[PDB]
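Just one chain follows, in the form deposited in one PDB entry, and it is written as structure tokens.
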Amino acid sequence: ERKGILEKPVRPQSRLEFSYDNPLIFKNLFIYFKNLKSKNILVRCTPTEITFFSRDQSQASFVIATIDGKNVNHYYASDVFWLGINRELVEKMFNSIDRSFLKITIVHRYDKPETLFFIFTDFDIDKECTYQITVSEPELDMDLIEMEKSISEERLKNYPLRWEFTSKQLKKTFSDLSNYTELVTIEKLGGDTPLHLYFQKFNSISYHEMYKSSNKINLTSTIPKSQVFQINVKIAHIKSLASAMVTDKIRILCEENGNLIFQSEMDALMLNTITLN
């Protein structure tokens, strides 16, 4: 069961000690990172939580994934420190997580600064699988790191349009769009009106997705009644986020200069994706 944040580490050379009984979340998160073509993952460990940061290849999307120490089975970190992980190196490791593993344990030791330990346990046969992954002390992408500030509950006022999609709905919408376009217009008139997602390709195909019941997608709008909100957004990274099916239910927030924020939470994991322009 879940004991949360510990005052002292079970092992003594431990700078980080983490244990969690849903290792499948790491698999799906790293499938997301693969889909974004992230080459290197930035990791911040603090005494209260571990955060994974990355950009997509186009550098336009920012991903921040937080795992809350108080909501995992065991958590200890001595202080604030950073690690760099080559994503390709760990891809197959995280993809190897399946139903046979009921625990993931992560350890980082003072006396082995370039190693990160991942331990998977199969309890049916007392099998323990230990990975020693070479990691580095990373140069910090400060723009990426500070994007976290730009996703506080308080900072989300200038987001006049927001709604929720299930994983299935998000995947469907952006798969359907991606079939024919890289760009989509999001439009909504002020007031009690439908949400429009649409595009036009001259002399071939135009497509229009209209959501007639705001209530059914939990849409909230503060668009002034007489105004039209209309932004044009890129959808590549959204397909990635969708397919990765990491969550359950995804909150989507739009801002008038075209930034799009996707948020989902599921137990200990909080996933944020911010895409600009």
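If you superpose the two forms and keep the largest set of C-alpha atoms that fall within 1.5 Å, you have the rigid core. Numbering starts at 1 and runs along the sequence shown.
For the pair 146-154 and 203-211, the mean B factor over Cα atoms is greater in 146-154. Stretches 155-163 and 79-87 differ in mean CA B factor, with 155-163 having the higher one. You'll see in the entry that, of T247, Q227, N232, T222, the Cα B factor peaks at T247. As recorded in the PDB entry, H237 shows the highest C-alpha B-factor of the residues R44, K37, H237, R251.
Among the modelled residues of the chain, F94 sits in the lowest third by CA temperature factor in this PDB entry. Annotation for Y110: C-alpha temperature factor in the highest third relative to the rest of the modelled chain, per the entry. Looking at the C-alpha B-factors along this chain, the one for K188 belongs to the lowest third. Sort the chain's modelled residues by C-alpha temperature factor and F123 lands in the highest third, per the entry. Remark: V72 belongs to the highest third of its chain, ranked by C-alpha B-factor as recorded.
Heads up, the form deposited in another entry isn't pictured, but that's what we're talking about next.
Among the candidates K27, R44, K234, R55, the CA atom that moves 2 angstroms or more between this form and the one not shown after core superposition belongs to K234 alone. Taking 2 Å as the criterion, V80 does not count as shifted between this form and the one not shown: its C-alpha moves by less than this amount when the rigid core is aligned. After superposition on the rigid core, the Cα of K103 moves by less than 2 Å between this form and the one not shown. Relative to the superposed rigid core, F123 undergoes a CA displacement smaller than 2 Å between this form and the one not shown. Wider separation of the C-alpha atoms of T247 and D68, by 3 angstroms or more, is seen in that other deposited form than in the present form. Compared with the form shown here, the Cα atoms of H237 and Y20 sit 3 Å or more farther apart in that other deposited form.
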